[PDB]
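Just one chain is shown here, as structure tokens, and it is the form deposited in one PDB entry.
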């Protein structure tokens, strides 16, 4: 087609729709447990996606697991932004077809604040008019956007993969942004959106880990696979003991 084959591949490997299983009165705590229930199902889906993503299975298995444990929440908030942009024009948060939040369902002050943070992504998607082909290549680069302070075991292959998906994003931008000046500026805008996600996700990581270490008292359930990625890396990530990659100074 005019659509490059790697992008059409990324489109075919996107996860199908995941339901939260929410029991449809609204309450902050039961809402949070439903959000983490959904997060467990989405985590399964991200690891399956990774198994089909070109290049990723060839990195050392420890690097595969480290990059999923670093990037899971960033990938899931970026997909929440896509669904919300696409289904409700960014104006509600479309966590799943059975768990769509508007402002009436955001009652407790810290819950609404966290939603506003997440709401930044679909607002930028609406402003910039991000395309599916852009979003698919961006989402790979977010998987690949933090490494350990000592680097990865397959650092060479990693660097090759990340360059390949930067070239692919350039192709995605080229589908629509025809000028030299305009497609350069578009590359800048998209890559700076990805750099800015590191600071957005830090607030969600802190709230997550604070809730997780008193989850019993809070009556907030975290499922087993999500509890493992939290316990394995979150405190180290929050402490700054990882290397976030940036496109811009």
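In this text, the rigid core denotes the largest set of C-alpha atoms whose superposition between the two forms falls within 1.5 Å. Positions refer to the first chain, counted from 1.
The following text describes the form solved in complex with a partner chain, which does not appear among the structures shown.
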**Message:** Can you work out whether residue 187 and the partner chain are in contact in the entry with it bound, taking contact to mean some heavy atom pair no more than 4.5 Å apart?
**Reply:** no
**Contact of residue 62 with the partner chain in the entry with it bound (heavy atom, 4.5 Å)** = yes
**Request:** Would you please decide whether residue 198 lies within 4.5 angstroms of the partner chain in the entry with it bound, comparing each non-hydrogen atom pair?
**Result:** no
**Asked** Using 4.5 Å between non-hydrogen atoms, is residue 68 touching the partner chain in the entry with it bound?
**Response** yes
**Prompt:** Among 158-166, 109-117, 134-142, 69-77, which stretch has residues whose heavy atoms lie within 4.5 Å of the partner chain in the entry with it bound?
**Reply:** 69-77
**Request:** May I ask whether 44, 47 and 51 each come within 4.5 Å of the partner chain in the entry with it bound, counting any non-hydrogen atom?
**Result:** yes
**Fill in**
Out of 110, 131, 91, 155, the position with Cα displaced 2 angstroms or more between the shown form and the other one on rigid-core fit is 110
**Request:** Classify residue 232 as shifted (yes) or not shifted (no) between the shown form and the other one, where shifted means its C-alpha moves by 2 Å or more with the rigid core superposed.
**Result:** yes
**Prompt:** Do residue 235 and residue 242 move together or apart in the entry with it bound, judged by C-alpha distance changing 3 Å or more?
**Reply:** closer
**Message:** Closer or farther: the C-alpha atoms of residue 49 and residue 232 in the entry with it bound, versus the form shown, with a change of 3 angstroms or more?
**Reply:** farther
